[PDB]
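Trainee: build me a model:
(chains A, B, C and D)
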Amino acid sequence: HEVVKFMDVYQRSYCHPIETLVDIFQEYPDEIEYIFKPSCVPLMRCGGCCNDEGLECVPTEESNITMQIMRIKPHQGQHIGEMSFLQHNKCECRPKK
Amino acid sequence: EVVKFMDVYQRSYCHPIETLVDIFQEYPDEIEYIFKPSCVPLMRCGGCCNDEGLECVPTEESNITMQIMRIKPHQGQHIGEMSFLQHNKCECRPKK
Amino acid sequence: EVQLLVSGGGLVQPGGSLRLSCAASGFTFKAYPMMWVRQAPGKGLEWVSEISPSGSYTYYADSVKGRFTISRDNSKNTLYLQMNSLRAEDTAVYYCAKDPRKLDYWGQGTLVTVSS
Amino acid sequence: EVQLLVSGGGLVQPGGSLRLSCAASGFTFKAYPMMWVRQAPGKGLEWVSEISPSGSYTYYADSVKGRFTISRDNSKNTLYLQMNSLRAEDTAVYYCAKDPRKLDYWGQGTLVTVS
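Mentor: Numbering: from 1, shown residues only, chains lettered A, B, ... in the order given. Have a look at this structure:
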């Protein structure tokens, strides 16, 4: 069978932390010289939609995480260094103000 | 506990991942109505490829049905079955 | 900080009546919409009703509509569900929550049974 | 219909030398970057090297760079890894892959041991 139930759709869709693959150029815009491998990374972020027009999915709690990443300077060597990324811990719908 | 380079490269590579998508993205000609929930959980091609010249694209597709509530403002509502497109498999291909 | 405490359940006759009350605190009750859900023994979850933040828009399930009445007192920070003309099918545990994901707070659940 | 087939590994004493050879098929080899990974017994998977599709760019791990040397022949659809001055820490099973998460293919790994 291939039909999802309304309550199961609602629960899974509602504003919550979810695994999201985000590019590094977005998180670190001031790195035009450097190329990063891999370019994207898996982070817990606040995806989903809210009940009402007046509410928006936002992070109540946050936490950082470290990852082993490579940075490549064009024709000037590279280095498997380390980088920290922001990942949202708990999300909740809040007024837009 | 730091994430190790191989586990980054692996888990960040182009593969089907659960992605939440607005219904108004997929059904633009629905100005009159509001759908709840407005977003739905679908498997789509998330991730990034090795090279600049490669793009993560869907190789294999399939449809999935879900119970969605359509609301017509001040004129009631109804739970109905809506189909959606999701990706079963992805792969990096030349950008052309 | 959140708390949702429910009361007013128990046993009842067929074609009877009950009124549930969900005491809210720890968040801006007035800003959010609220909802009731229920779980029958040996079955999954089922959505019953929603009410908008102002209380101007009410929503009901295909089963309960006409019999059930949802309402709220934004000043007293409470959600009400007036259940009427109850049948054998309505026997379930009733949960009140702003977030449909997070359930099972000490207060949320209350067992409603329709007698024979 | 992908097949990554490796050969070259075995046993050699410290300060030795080896040349591994991966033989790819089932896709447009010229358009993809390739890579080498290894797994020591009891240890996790580890990235070793990469090479661009053109073959003009090379990437190496910090634990090996200066010693190993990657290279590819796009006319023959083969990847190479010139491993020199080997140490006990390099003892692992060496896999050639176009894409990680795909270490299932047959003959994809080869055992390299240091005495």
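Trainee: ok, residue C:49 touching residue C:62?
Mentor: No: counting by CB atoms under 8 Å, residue C:62 is not a contact partner of residue C:49; they are 11.4 Å apart. Yep, even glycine has a C-beta here, placed from its N, CA and C like the rest.
Trainee: between those two, which one's more packed in?
Mentor: Shown here are residue C:49 and residue C:62; by other CB atoms under 10 Å in any protein chain shown, residue C:49 has more neighbours (21 against 8).
Trainee: which non-adjacent residue is nearest that one?
Mentor: residue C:70 (4.4 Å; CB to CB, 6 or more residues apart in numbering or on different chains).
Trainee: show me the strands in chain C, by range?
Mentor: For chain C, applying DSSP state E gives strands covering C:3-7, C:10-12, C:17-25, C:34-39, C:45-51, C:58-60, C:69-73, C:78-84, C:92-97, C:110-114.
Trainee: direction included, what does the last one pair against?
Mentor: If I follow you right, that is strand C:110-114. Using DSSP bridges, the strands paired with strand C:110-114 are strand C:10-12 (parallel), strand C:92-97 (antiparallel).
Trainee: just the buried positions in that strand, please.
Mentor: Within strand C:110-114, the residues scored as buried using 16 or more other CB atoms under 10 Å in any protein chain shown are C:110, C:112, C:114.
Trainee: same question, the first one
Mentor: By neighbour count, and taking 16+ other CB under 10 Å as the criterion, the buried residues in strand C:3-7 are C:4-6.
Trainee: quick one: which of the residues you listed is nearest chain D?
Mentor: Proximity of the buried residues of strand C:3-7 to chain D (CB to the nearest CB) peaks at residue C:4, which lies at 43.2 Å.
Trainee: show me the contacts for the closest residue in space to residue A:95 that isn't next to it in sequence.
Mentor: Leaving out its chain neighbours, the residue that sits closest to residue A:95 by CB to CB, 6+ apart is residue C:31, at 5.1 Å. Neighbour list for residue C:31: A:54-55, A:94-95, C:53 [criterion: CB atoms under 8 Å, 6 or more residues apart in numbering or on different chains].
Trainee: what does chain C put close to chain A?
Mentor: C:28, C:31-33, C:37, C:44-47, C:50, C:52-53, C:99-101 (CB under 8 Å from any CB of the partner chain).
Trainee: okay, the buried residues of strand C:3-7 in TSV with distance to chain B next?
Mentor: Converted to TSV, the buried residues of strand C:3-7 look like this (distance: CB to the nearest CB, whole Å):
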residue	distance to chain B
C:4	21
C:5	26
C:6	23
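Trainee: what does chain A put close to chain C?
Mentor: Neighbours of chain C within chain A, by CB under 8 Å from any CB: A:5-8, A:10-11, A:14, A:16, A:51-52, A:54-55, A:92-95.
Trainee: these, buried ones only, as a ChimeraX selection?
Mentor: With 16+ other CB under 10 Å as the criterion, this ChimeraX line picks the buried residues out of the residues of chain A next to chain C:
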select /A:6,7,10,11,14,16,51,52,54,55,92,93,94
